[PDB]
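See structure below.
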Amino acid sequence: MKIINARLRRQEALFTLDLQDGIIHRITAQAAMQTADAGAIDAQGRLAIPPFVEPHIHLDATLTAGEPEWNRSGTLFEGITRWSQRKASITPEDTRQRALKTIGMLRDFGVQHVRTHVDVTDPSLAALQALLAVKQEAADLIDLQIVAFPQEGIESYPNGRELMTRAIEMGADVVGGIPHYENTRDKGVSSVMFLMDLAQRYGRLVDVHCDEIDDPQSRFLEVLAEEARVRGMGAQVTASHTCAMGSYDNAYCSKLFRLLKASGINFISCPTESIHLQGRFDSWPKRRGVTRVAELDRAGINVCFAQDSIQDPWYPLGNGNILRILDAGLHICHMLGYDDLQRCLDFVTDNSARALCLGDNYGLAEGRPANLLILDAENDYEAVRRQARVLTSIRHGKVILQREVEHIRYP
Amino acid sequence: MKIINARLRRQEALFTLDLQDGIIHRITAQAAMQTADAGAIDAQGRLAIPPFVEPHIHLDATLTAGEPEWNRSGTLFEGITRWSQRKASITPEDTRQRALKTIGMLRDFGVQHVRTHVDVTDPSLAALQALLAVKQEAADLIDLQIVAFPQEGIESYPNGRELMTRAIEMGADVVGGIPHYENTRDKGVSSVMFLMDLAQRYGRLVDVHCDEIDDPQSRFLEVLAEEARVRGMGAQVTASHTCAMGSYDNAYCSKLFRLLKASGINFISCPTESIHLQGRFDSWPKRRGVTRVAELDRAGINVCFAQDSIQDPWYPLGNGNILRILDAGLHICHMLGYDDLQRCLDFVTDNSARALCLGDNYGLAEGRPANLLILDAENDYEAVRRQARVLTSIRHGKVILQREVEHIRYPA
Ligand SMILES: N[P@]1(=O)C=CNC(=O)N1
Ligand SMILES: N[P@]1(=O)C=CNC(=O)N1
Ligand SMILES: [Fe+2]
Ligand SMILES: [Fe+2]
């Protein structure tokens, strides 16, 4: 299958992409726009990109908002309370059905790579079982990573450490955590040592809900970063949220950046989720509550954006479209400069793939998997400004989604 | 023409809308889904609402971002510096063309009512001349109000007061202002006195850029509110932005609310614009910088959302789609509660129309103009969650825009 007349990011001319046997066989510069071909994917001057990535979402909780009651306060903590209520009735079939619907939404919006957290503070591990199976079942749509996430804490939820260990044994490929939710600071710290030991022993990736709170003394990030540095695991480690960094003392934060850079770890920020859940304990002025995304990027550190929630105990909206999240992030993090906008798709493609350690299984280069999208825009700026639609999604060299180009009529 | 199988906001029934002679002749609930004849539009169970309103935009500046330089700091004040540079080459025709193009975007997204600010701190008044004619040229698409906006101030700019006066004599519908940007506090106050006198004398509406700054001591709102109250001009007055309220002392702000309620004035908030321009002088933590929208609304005060800019010296993005701003607004103002969502369209339809004093020329009611949209959603919640597309736009009883429902194909 050929893709003709395509633009490639931050370049100017058109290219033909020749896909053969599931991989990218050839990429070739065109003299010019070429004759409209119905046998080919004719991008008609539109951008070809590798698939969007959703590096942080909760598929076990998705589509449960309001059951049995609503998060009336809009806080992280009542959200956990409400989720505990809903978790009481969870089963693998319930998990599989809701997860597949939401995977459908992600698919509709060009997402082919997904990292889901799953609560393993549940003696039955029902959702984990379901999502381990969904990874295989949904493989024709997405590559799913699964994070063992101890929602109610490692150190104070009953048999917390044993559930984490069992979850990893069962096949979760990423180790999670929630140090700011442990009952005491010292247990926050011990939880990090435990989970890094667990990850290192099994050669697992790491993705921790880290300092998701507006308390400037929530400093578990330094503990995770240092463990990553000492153990040489930085490329395999991700700190999600780090909302508290958005409130840190600036002298401390400047010092911290040296360790952050040296550790080599990745950062994920969930701007729609945080704008909603953070700032709730201020009156006025009311803080944004989002981590220092622009500053991390400028320091040469890998950072990216995620939706986090789709219609769940924490967040009432959501439709699968990562571009909306990109829009929110660039606004809230003050990244609307000319230069930011010309490369802003990094934060939902390349950077996210890096955090997921996708390697040569991602990107538009010869010999790599034939997974790509045709986007209805010529560049990053227009992609975000217009919230460009995904016209074609190709996976393993096969078209799995096609959208007609919109045309408005003016009678 | 007839529209059947139409949902209405916050109701369960399906309705038929009978449109004739430019007005809404009848609205009647149906028993169930019905089949459409010839000359009958099937809303297919979709929501029907009055048009979207853009109650605050800068059409004179639209589509000039980057010319001649970029706003590197992303601040209000640098934006003003860049605008002054661009102002040196502004002409009536280049203004017309850019305004018209952005009006097209607004139209594409179902906006049929627009209030534009126009910088009148310009001896040529070239953009004002242009937009007065655009109000006429574009009337087949929108009803445009024009605000006499003194960007570089009333008391500060050469012949500021004369320039406002000329603008009103030429027929600006609304008197604007910018008290926080005047050179001293005392001149911010006097500027409000002048603008209120001007509006009251010429019988015009008022819409002031009020306290667009993160200084907790920018309190020109109280002055504006009190004048509106004393002069009995509440309904005809709007305070735009009021970003400083998002930083006010809480005891002062509680007291202030008594006056805001008593004044009857309206409020406009621009969440995408202020999330961009505000918080720029904090380190960490960084304030949101938006006015107290959920609070004003809870107090029974009318507040609404607006885009403010489209690709201009103050904001490099923008596409005409008010639903994106609604989404932004609901997040930043912590208005994502179940109840908020069930009525969230208020903030870009009804509440906006009230700020613009549209009265009986707006709203889905028998006798009023046949201006309406069919959205690709069944309720407020889905409208905002799905960023629902405008499938049909109808103006004066005639279809002015038609979109086909999106159909995604799964070939594999
Ligand atoms: N806001 P979020 O990422 C969603 C679920 N559970 C959490 O602890 N945090
Ligand atoms: N941000 P904005 O509403 C746009 C232009 N001029 C202003 O004073 N304020
Ligand atoms: Fe999360
Ligand atoms: Fe404005």
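Proteins get letters first, then strands, A, B, ... in listed order; numbering begins at 1 in each. Each ligand, and each atom within it, is numbered from 1 in the order the structure gives. Heavy-atom basis, side chains included; hydrogens, waters and symmetry copies ignored.
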(request) Output yes if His117(B) passes the N/O/S-under-2.8 Å test against the Fe ion (ligand 4); output no otherwise. (result) no

(request) Please assess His241(B) against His209(B) for the test ring-ring contact (aromatic ring centres under 6.0 Å, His included), listing each intermediate value before the final yes or no. (result) CA-CA 6 Å; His241(B) 294 298; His209(B) 287 60; 5.4 Å; yes

(message) Out of the candidates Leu277(A), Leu317(A), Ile275(A), only one should pair with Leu336(B) under the side chain to side chain contact (heavy atoms under 4.5 Å, CB included) rule; please name it.
(response) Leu317(A)

(message) Could you tell me, atom by atom, which parts of ligand 2 come under 4.0 Å of a heavy atom of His241(B)?
(response) 3 (O)

(message) For the Fe ion (ligand 4), give me the closest N/O/S atom belonging to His58(B), just the atom name.
(response) NE2

(request) Answer yes or no for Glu212(B): is there an N/O/S atom below the 2.8 Å cut-off from the Fe ion (ligand 4)? (result) no

(request) Enumerate the atoms of ligand 1 whose separation from the nearest heavy atom of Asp308(A) is less than 4.0 angstrom. (result) 1 (N), 2 (P), 3 (O)

(message) Taking N, O or S atoms only and a limit of 2.8 Å, check whether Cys270(B) reaches the Fe ion (ligand 4).
(response) no

(message) Against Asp60(B), only a single residue in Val120(B), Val134(B), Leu128(B), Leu131(B) fulfils side chain to side chain contact (heavy atoms under 4.5 Å, CB included); can you say which?
(response) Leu131(B)

(request) Would you name the N/O/S atom of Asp308(B) that lies closest to the Fe ion (ligand 4)? (result) OD1

(message) Please determine whether any non-hydrogen atom of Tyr181(B) lies less than 4.0 Å from an atom of ligand 2.
(response) no

(request) Just let me know how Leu277(A) lines up against ligand 1, side chain, backbone, both or neither, with a heavy-atom cut-off below 4.0 Å. (result) side chain

(request) Mark up the atoms of ligand 2 that fall under 4.0 Å of a heavy atom belonging to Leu76(B), in ascending order. (result) 7 (C), 8 (O), 9 (N)

(message) the Fe ion (ligand 4) and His209(B): any N/O/S contact shorter than 2.8 Å?
(response) yes

(request) List the steps and the verdict of side chain to side chain contact (heavy atoms under 4.5 Å, CB included) for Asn183(B) and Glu155(B). (result) CA-CA 8 Å; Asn183(B) 286 348; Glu155(B) 314 286 38; over 6 Å; no

(request) Using a strict 4.0 Å threshold on nitrogen-to-oxygen distance, state whether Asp122(B) and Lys87(B) make a salt bridge. (result) no

(request) Could you tell me which atoms of ligand 1, counted from 1 in the order shown, lie closer than 4.0 angstrom to a heavy atom of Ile178(A)? (result) 8 (O)

(message) Could you identify the single nearest non-hydrogen protein atom to atom 6 (N) of ligand 1 and state the distance to 0.1 Å?
(response) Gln151(A) OE1, 2.7 Å

(message) Apply ring-ring contact (aromatic ring centres under 6.0 Å, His included) to residues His58(A) and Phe149(A) and explain how you reach the verdict.
(response) CA-CA 10 Å; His58(A) 287 261; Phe149(A) 165 68; 5.2 Å; yes

(message) Quick check on contacts: which atoms of ligand 2 are under 4.0 angstrom from a heavy atom of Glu273(B)?
(response) 1 (N)

(message) Between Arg86(B) and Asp94(B) (salt bridge meaning N to carboxylate O under 4.0 Å), is one present in this structure?
(response) yes

(message) Which residue and atom name correspond to the protein heavy atom nearest atom 9 (N) of ligand 1, and how close is it?
(response) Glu212(A) OE1, 2.9 Å

(message) Check contact between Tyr315(A) and ligand 1, using heavy atoms of the residue and a distance below 4.0 angstrom.
(response) no

(message) Between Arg185(B) and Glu182(B), does any side-chain N to carboxylate O distance fall below 4.0 Å?
(response) no

(message) Salt bridge or not between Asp327(A) and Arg324(B)? Use side-chain N to carboxylate O under 4.0 Å.
(response) yes

(request) State, with a plain yes or no, whether a side-chain heavy atom of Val237(B) is found less than 4.5 Å away from one of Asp207(B). (result) no

(message) Heavy-atom pairs closer than 4.0 Å: do any link ligand 1 to the side chain of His117(A), the backbone, both, or neither?
(response) neither

(request) Determine, for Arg115(A) against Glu54(A), whether the closest basic-nitrogen to carboxylate-oxygen distance falls under 4.0 angstrom. (result) no

(request) Using a 4.0 Å heavy-atom cut-off, say whether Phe149(A) meets ligand 1 through its side chain, its backbone, both or neither. (result) side chain

